[PDB]
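We're numbering straight along the sequence, starting at 1. Just so it is clear, the values below take in all heavy atoms, side chains as well, and ignore hydrogens, waters and symmetry mates.
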Amino acid sequence: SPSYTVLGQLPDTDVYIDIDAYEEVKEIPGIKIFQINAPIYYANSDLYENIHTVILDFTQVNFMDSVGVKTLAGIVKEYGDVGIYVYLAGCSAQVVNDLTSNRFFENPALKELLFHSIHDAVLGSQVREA
């Protein structure tokens, strides 16, 4: 898939890379990690268990359009309606602005889905309100 990559954890490190890039790299039980490689609505086409957290890595994203934010907003909600948290990791200041400008954080509570690194978001799923 050229539009998203499944990431895994290099054991006993905070390093997260393509699950297919290295043998010892393993997905974390309970967590799906997806590196966004194209605008999210193209990866959304591919989207269309026992998973408690979905981490989206935004390190490769430089900006978002209104259509992406709406799409992301929808993904966050419909996962959340079944108790699954969608975390956003590695959003730049610009991407955060784009989310804000398109009223993604209309509910200030959604600010809690922002994490700096993938590892931060993994730790953030460890204990949290049900």
Task: Heavy atoms from other residues, nucleotides or ligands near CD of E23 exceed 12 (cutoff 6.0 Å) - done: yes
Task: Which atom of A43 lies closest to which atom of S3, heavy atoms considered - done: CB-O, 3.8 Å
Open item on the list: Measuring from atom NE2 of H116 to atom CG of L88, what distance do you get when rounded to the nearest 0.5 angstrom?
Closed with: 14.5 Å
- [ ] Answer whether the closest heavy-atom distance between the side chains of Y22 and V15 falls below 4.5 Å.
- [x] no
- [ ] Heavy atoms only: give me the nearest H52-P29 pair and the separation to one decimal.
- [x] NE2-O, 4.4 Å
Open item on the list: Checking side-chain polar atoms at under 3.5 Å, does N37 have a donor or acceptor matched by the opposite partner on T5?
Closed with: yes
Open item on the list: What I'd like to find out is whether the side chain of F34 reaches to under 4.5 Å of the side chain of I40, using heavy atoms alone.
Closed with: no
Task: Reported CG-to-CZ distance for the pair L123 and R128, which is rounded to 0.5 angstrom - done: 12.5 Å
Task: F105 versus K111, closest heavy-atom pair with distance - done: CD2-N, 3.7 Å
Open item on the list: So which atom in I19 and which in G8 form the shortest heavy-atom distance, rounded to 0.1 Å?
Closed with: CD1-CA, 4.0 Å
Open item on the list: Working to the nearest 0.5 angstrom, can you tell me the gap between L114 CG and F58 CZ?
Closed with: 9.0 Å
Task: Option among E78, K32, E49 that satisfies the side chain to side chain contact (heavy atoms under 4.5 Å, CB included) test with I84 - done: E49
- [ ] Determine whether the side chains of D14 and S117 contain a donor N or O and an acceptor N or O closer than 3.5 Å.
- [x] no
Open item on the list: I'd like to check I55 versus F115 (side-chain heavy atoms, cut-off strictly below 4.5 Å). Are they in contact?
Closed with: no
Open item on the list: Strictly distance-based, threshold 3.5 Å: is any side-chain N or O of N44 a donor or acceptor partner for the main-chain N or O of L47?
Closed with: no
Task: Min side-chain heavy-atom separation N102-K70 under 4.5 Å - done: no
TODO: Check whether any side-chain heavy atom of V122 sits under 4.5 Å from a side-chain heavy atom of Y16, and report yes or no.
DONE: yes
Open item on the list: Can you give me the closest heavy-atom contact between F63 and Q94, atom names plus distance?
Closed with: CB-CG, 4.5 Å
Task: Qualifying residue for side chain to side chain contact (heavy atoms under 4.5 Å, CB included) with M64, from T71, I36, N97, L72 - done: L72
Task: Atom pair CD1/CD of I33 and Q9 - distance to nearest 0.5 Å - done: 7.5 Å
Open item on the list: Atom OH of residue position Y79 - does it have more than 12 heavy atoms of other residues, nucleotides or ligands inside 6.0 Å?
Closed with: no
Open item on the list: Tell me whether the count of non-hydrogen atoms from other residues, nucleotides or ligands lying under 6.0 Å of CG in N62 goes above 12.
Closed with: no
Task: Euclidean distance, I17 CD1 relative to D57 CG, rounded to 0.5 Å - done: 12.5 Å
- [ ] Answer yes or no: are there more than 12 heavy-atom neighbours, outside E112 itself, under 6.0 Å from its atom CD?
- [x] no
- [ ] Check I51 against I31 and note the closest heavy-atom contact, atom names and distance.
- [x] CD1-N, 4.1 Å
